[PDB]
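S.K.: Sequence, then the experimental structure. Questions to follow.
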Amino acid sequence: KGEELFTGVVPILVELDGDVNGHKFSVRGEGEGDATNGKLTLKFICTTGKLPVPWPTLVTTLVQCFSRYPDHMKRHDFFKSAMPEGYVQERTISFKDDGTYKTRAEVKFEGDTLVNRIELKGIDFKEXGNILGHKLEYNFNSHXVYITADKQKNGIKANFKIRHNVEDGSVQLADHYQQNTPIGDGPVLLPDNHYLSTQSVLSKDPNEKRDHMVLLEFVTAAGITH
């Protein structure tokens, strides 16, 4: 029944409060998702000024409920099945040979708007690393997000490796460990093992003066043929 809220194009709000090695910042994004095509489009501004980390390090933290699950996989769409009350999504992102992000977020409906509210904390980053050095290129590759059920917690877990292009031509790895738990107390769908397939395009808004990110994301689900 939750899946029903995601026909049509749904409006999206994203709000993040961040602290990275003591650097505090806020990001706000507005946009729209189309779950049926599994596309999604957003513009994010940094409301506290300059962003102390590279925009791409934030992409995965800044709404998998807009994934496109094929008909034969609708039984395994946890994310929509928890709507409208929503879910909490928590993550540890560990950057190789550098610091760690911790994130805690609520994804839920407020009115007709799908809302993602986030707290981010980063520790142990090196000042001259790829992250606080800003050596990361302003782009993004594709990844598989691997999903499994944790039936004991009435939820799901996900694990995946993000590859950030470094300006020197090498790649910064960031292992993602993810846990999602339903906010409401209805039943939800608890998926068999499967994966999301994701791509992001990052660009700029030729009319914006604020530090910002304009984002396009396509995401589909696979991994269980009939």
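M.R.: Good, I have the coordinates. Residues are numbered from 1 along each chain as shown.

S.K.: so what's the spatially most central residue of the chain up against?
M.R.: Residue closest to the mean C-alpha point of the chain, counted by CA atoms, centre = their mean, is residue 60 at 3.4 Å. By CB atoms under 8 Å, 6 or more residues apart in numbering, residue 60 lies in contact with 91, 93, 162, 176. Every residue, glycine included, has its C-beta placed from N, CA and C.

S.K.: Specify the local secondary structure of it.
M.R.: coil (DSSP: H, G, I helix; E, B strand; the rest coil).

S.K.: got the residue ranges for the helices in the protein?
M.R.: Under the criterion DSSP state H, the chain carries helices at the ranges 78-81.

S.K.: quick revisit: of all pairs in the contacts of residue 60, which one spans the longest distance?
M.R.: Spatially, the most separated pair among the contacts of residue 60 is 91 and 162, at 11.1 Å (CB to CB).

S.K.: ok, what's across the strand from the residue nearest to residue 179 when sequence neighbours are not counted?
M.R.: Nearest residue to residue 179 in three dimensions, chain neighbours excluded: residue 90, at 4.9 Å (CB to CB, 6 or more residues apart in numbering). On the basis of DSSP bridges, residue 90 is bridged to residue 104, residue 179.

S.K.: for residue 26, same thing?
M.R.: Per DSSP bridges, the residues bridged to residue 26 are residue 17.

S.K.: Return the residues in contact with it.
M.R.: Listed by CB under 8 Å, 6+ apart, the contact set of residue 26 reads 15, 16, 17, 18, 46, 47, 48.

S.K.: from what I can see the second one touches residue 118, true?
M.R.: Read it as residue 16. Yes - assessed by CB atoms under 8 Å, residue 16 is found in contact with residue 118 at 4.1 Å.

S.K.: Need the residues touching each of those two.
M.R.: 61, 62.

S.K.: Tell me, how many residues neighbour residue 111?
M.R.: Neighbour count of residue 111, defined by other CB atoms under 10 Å: 9.

S.K.: Report how many residues lie close to the residue nearest to residue 179.
M.R.: 15.

S.K.: re earlier: how near is the residue nearest to the centre of the chain to residue 2?
M.R.: Distance of residue 60 to residue 2, computed by CB to CB, to the nearest Å: 23 Å.

S.K.: buried ones in stretch 77-86?
M.R.: Under the neighbour-count criterion of 16 or more other CB atoms under 10 Å, stretch 77-86 has 77, 78, 79, 80, 81, 82, 83, 84, 86 buried.

S.K.: so how far is residue 165 from the third one?
M.R.: When distance is defined by CB to CB, residue 79 is 28 Å away from residue 165.

S.K.: that older thread, now, among the contacts of residue 26, which is nearest to residue 123?
M.R.: For the contacts of residue 26, the nearest to residue 123 is residue 18 (12.2 Å; CB to CB).
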